[PDB]
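Shown here is one chain on its own, the form solved without the partner chain, set out as structure tokens.
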């Protein structure tokens, strides 16, 4: 809506991404606190990711859900593109997990409910996120989960690939194999997260790319003894090689382990 860098006072860095250098900022006239995600045009051009940036802006700017981070607008200058985002004051789920090591069943079930609700809203518009990982799950002022980083988002179904040499840990077999995929991709990532929240590490983690790939394609994971029967049941339903066999989000939200442990309403 006609914004420029001179309209803001920039503050401390909130985080770093591959391309996204994110800062706290304040709009000079209103004093409103927000985050500016800064991207270097030369790096976007070298990598050939301009189409992903267009989808990030066009998809995220139209979503309105309390568990989805708002994108208010954007602007650019000679060397950088600036995305104007809602500021998430309590940081990332990634950092919460590094601090706590693992989450209890109540916190896990509450975060899974919030995801589920955000994804149910996305999927109602045929939007699939495809990059649900803890560094992209931000926390609002009341500690509520907010899905962010819509760079890999697309309208379903899709055959487009995600990263090339980056983390495979949250991706399903159909995406790592380059096959056509849909909304069921986010259901698989939900199962990976549920496991990582309870155990402290994702289920297919390995020292190499090929071994992680092998474990994902064969769905090779085991549970430590402390994981309860209800959590094992939900995780096992979500991590099914066949996407058509993965549950609907309403079945996740009504699962007896979720309703028994989540904080509501």
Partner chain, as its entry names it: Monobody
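What we label the rigid core is the largest C-alpha set whose atoms superpose within 1.5 Å from one form to the other. Positions refer to the first chain, counted from 1.
Below, we turn to the form solved in complex with the partner chain, even though it does not appear here.
The partner chain in the deposited bound form comes within 4.5 Å of no heavy atom belonging to residue 116. Contact check for residue 74: a non-hydrogen atom falls within 4.5 Å of the partner chain in the deposited bound form. Residue contact with the partner chain in the deposited bound form: residue 53 places a heavy atom within 4.5 Å of it. Scanning 165 to 192 for heavy atoms within 4.5 Å of the partner chain in the deposited bound form gives 165, 166 in sequence order.
Core-superposed comparison between the shown form and the other one: the CA of residue 17 exceeds or equals a 2 Å shift.
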